[PDB]
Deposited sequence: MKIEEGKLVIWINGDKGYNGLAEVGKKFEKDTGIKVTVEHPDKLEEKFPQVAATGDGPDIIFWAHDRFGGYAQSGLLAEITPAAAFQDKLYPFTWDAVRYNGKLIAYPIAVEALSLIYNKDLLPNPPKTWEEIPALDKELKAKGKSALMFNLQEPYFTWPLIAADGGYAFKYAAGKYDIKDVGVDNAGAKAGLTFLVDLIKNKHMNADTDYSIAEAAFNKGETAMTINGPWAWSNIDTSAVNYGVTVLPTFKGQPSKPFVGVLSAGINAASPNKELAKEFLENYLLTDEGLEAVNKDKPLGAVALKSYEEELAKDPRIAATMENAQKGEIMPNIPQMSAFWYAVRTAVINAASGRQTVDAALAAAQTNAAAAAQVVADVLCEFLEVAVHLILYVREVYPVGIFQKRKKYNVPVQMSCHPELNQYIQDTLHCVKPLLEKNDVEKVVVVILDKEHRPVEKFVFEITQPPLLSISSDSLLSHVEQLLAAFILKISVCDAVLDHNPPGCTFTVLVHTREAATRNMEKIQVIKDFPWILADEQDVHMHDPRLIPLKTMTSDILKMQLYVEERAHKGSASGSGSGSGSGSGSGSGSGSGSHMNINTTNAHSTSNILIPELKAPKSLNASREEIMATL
């Protein structure tokens, strides 16, 4: 297929205008450009580019391009700095995967505040003034605001405004374990939304069609919707404005941003012709005008042409909200985010869950990787703690039962109260591990005077994780954890025997000031944790015997033992004591 350009774009786009750009490229270069609009484009591309064929260039929403790239279906693109400067800077952050540019940004789309200019000549700038506005409109038989509450796309702008986010983004990559749906900002935003329903300014049942019908018949002063909705309003007799979404706590609302994007098939022999067509023909005022004249593109990523389009203040408003918004992450973990958050908002809004519990459950289900690593650690710490108590003889050998785990032998207590105390401890730690807030977990051995004799220190690092690749990572990790168990089960040969009558406790060192974690760690009723006293932790003259260190993609960990010479603020400890031996 060398010497031609085959382009796939979706049939709702201006593909006849794109074909006209294709013909000016041909006149000037000889290269014939053929534009096609097949069906089910996004699902056909990973099927036919797996064979190595398909188009040289595919146009689609950017969000799918990050999985294309992890499948290696997209070429890396090499625009000069001077060409990048021609597009709005935030649009390049939507076409980056693993730090590398993988597509050209074309058009930008996001939600705006749409408002009826008979009811509301000046739209509110803050979410905070909508309750008072709705009371004034109710006395006129109207309401202030109606938008889809059934879909998290539409409610996210308010949730994300004060600190919520989907996946954390840095250096052109997403950390699939850093999710911001249950942080302080998300909860404030979802609290405000829920309080609007509580105070009867919105109805929790409102959906897309109910919101559109009501705004378009002059019954509600404002709605929140996208450029796909302008058409129906235009023929509705409502005169409407399109403006920036209100601030929340003085912060911009942050709608999800969609970027129409042009990617290059990694299998293509014409990669250089594709770069030239896209950079010097399409991404120009002349080329975008020809597409936009066929079917409007909305706001565009090329600055000079967007300055022309922005004479339509509707388009200016889309671009301004897009600049303040959150680029929709381009990774396959977004599908778990959407299900999780859709249930959270629906549940919280109809009063079927608390806000804290709705989001907490959404956080652990959107950040499935962070749940997986925390559960692997908690299973391991449980196994480790039992084995420590066996090999150091804190409890007699008759309460233990020989078992298999990580393919090495272990020892598991059958003492129900002991097991219950270790599970309570580890269930409280698990949410802190899910947030990567744990620096150290320390199994402490204490003598009859409640002074520390031994400390088994597990130092924990959880590296940022990208969209998972190695299919044997959990298997490789379990071999690394198995070696920790082997070190523990032969560690009596390196440690002096403990004086008789010892007990044990568990310490958590946190990364930051433990006072923020003081609420997150109280997960079990009647099993509180407190800030540790220096008597609880201070070791008199410690000797540091190292035991094991591992490194892997999901977890770096060091196990060492602090032993006292002669045996015979960021620290949390359970209030309760283990059942004595």
item	value
Gaps in the model, given as deposited-sequence positions counted from residue 1	1 to 3, 572 to 606, 620 to 631
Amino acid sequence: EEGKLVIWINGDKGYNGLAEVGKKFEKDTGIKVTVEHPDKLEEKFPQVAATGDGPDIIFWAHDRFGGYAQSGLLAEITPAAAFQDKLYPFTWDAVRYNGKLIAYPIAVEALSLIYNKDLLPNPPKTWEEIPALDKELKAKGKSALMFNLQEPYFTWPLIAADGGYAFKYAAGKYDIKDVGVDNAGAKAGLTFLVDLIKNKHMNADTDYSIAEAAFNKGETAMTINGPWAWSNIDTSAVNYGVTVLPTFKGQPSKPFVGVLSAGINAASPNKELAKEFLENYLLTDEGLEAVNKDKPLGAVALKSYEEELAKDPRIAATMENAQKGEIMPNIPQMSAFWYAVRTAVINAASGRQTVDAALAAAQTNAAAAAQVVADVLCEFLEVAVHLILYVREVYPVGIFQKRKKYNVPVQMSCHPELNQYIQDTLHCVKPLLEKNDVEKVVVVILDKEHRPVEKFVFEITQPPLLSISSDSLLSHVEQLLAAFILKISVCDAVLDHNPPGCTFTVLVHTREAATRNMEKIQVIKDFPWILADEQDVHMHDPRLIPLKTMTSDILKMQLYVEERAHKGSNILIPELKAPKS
From here on, numbers count along this sequence of modelled residues.
| item | value |
| --- | --- |
| Mean C-alpha B-factor comparison - 368 to 376 and 70 to 78, higher one | 70 to 78 |
| Mean temperature factor over C-alpha atoms, higher-scoring stretch between 259 to 267 and 488 to 496 | 488 to 496 |
| From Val383, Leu466, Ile224, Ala161, residue of greatest CA B-factor | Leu466 |
| Residue, from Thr191, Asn148, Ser475, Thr425, that the PDB entry assigns the highest Cα B-factor | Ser475 |
| Chain-wide C-alpha B factor ranking for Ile197, given as lowest, middle or highest third | lowest |
| Modelled-residue ranking by C-alpha temperature factor, third containing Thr126 | middle |
| Cα B factor band for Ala565 (lowest, middle or highest third within the chain) | highest |
| B-factor third for the C-alpha atom of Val21 within its chain | middle |
| Position of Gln462 among the chain's modelled residues by C-alpha B-factor, lowest, middle or highest third | middle |
